[PDB]
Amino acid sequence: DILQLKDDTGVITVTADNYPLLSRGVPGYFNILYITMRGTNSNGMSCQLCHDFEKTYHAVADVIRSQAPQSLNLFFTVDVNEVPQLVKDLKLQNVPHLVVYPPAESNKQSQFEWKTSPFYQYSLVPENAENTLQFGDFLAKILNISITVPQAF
């Protein structure tokens, strides 16, 4: 049922409704979680970084979905204005974040939670908002795959 939540871009949107379930993970699957903010903040200010990496996020997702079909990974996106519980649980203080949860150890499955499970974090800064190569390499190393991201020469 979880796998079928993927939109046409192959990305699953976290909601306040499905979050309690999704945060419990899927056995064997990595969780790639983009934590963002697509609207304005309370101050009425946009998040240019969120918007920029969003496109980088999807490009790399598409590449991996196409070149690593066997790969046990799930791509998620959560907006901090839409899922306040995830914001509290994850003690979020800013955006955007990109974190990757490895699958829980089988013997420790029932104790898996986005909130308490260790994760890799890809450092998001304006300097790499659009570097699909570097982000691609990041995931390829974690997922143990070899990919080629379109970037010309």
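In this text, residue numbers run from 1 along the sequence as written.
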{"property": "Average Cα temperature factor in the PDB entry - higher stretch of 45-53, 64-72", "result": "45-53"}
{"property": "Average Cα temperature factor in the PDB entry - higher stretch of 36-44, 124-132", "result": "36-44"}
{"property": "Chain-wide C-alpha B factor ranking for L92, given as lowest, middle or highest third", "result": "highest"}
{"property": "Assigned third (lowest, middle, highest) for the C-alpha B factor of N144", "result": "lowest"}
{"property": "Third of chain Cα B-factors occupied by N107", "result": "middle"}
{"property": "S117, C-alpha B-factor rank within chain (lowest, middle or highest third)", "result": "lowest"}
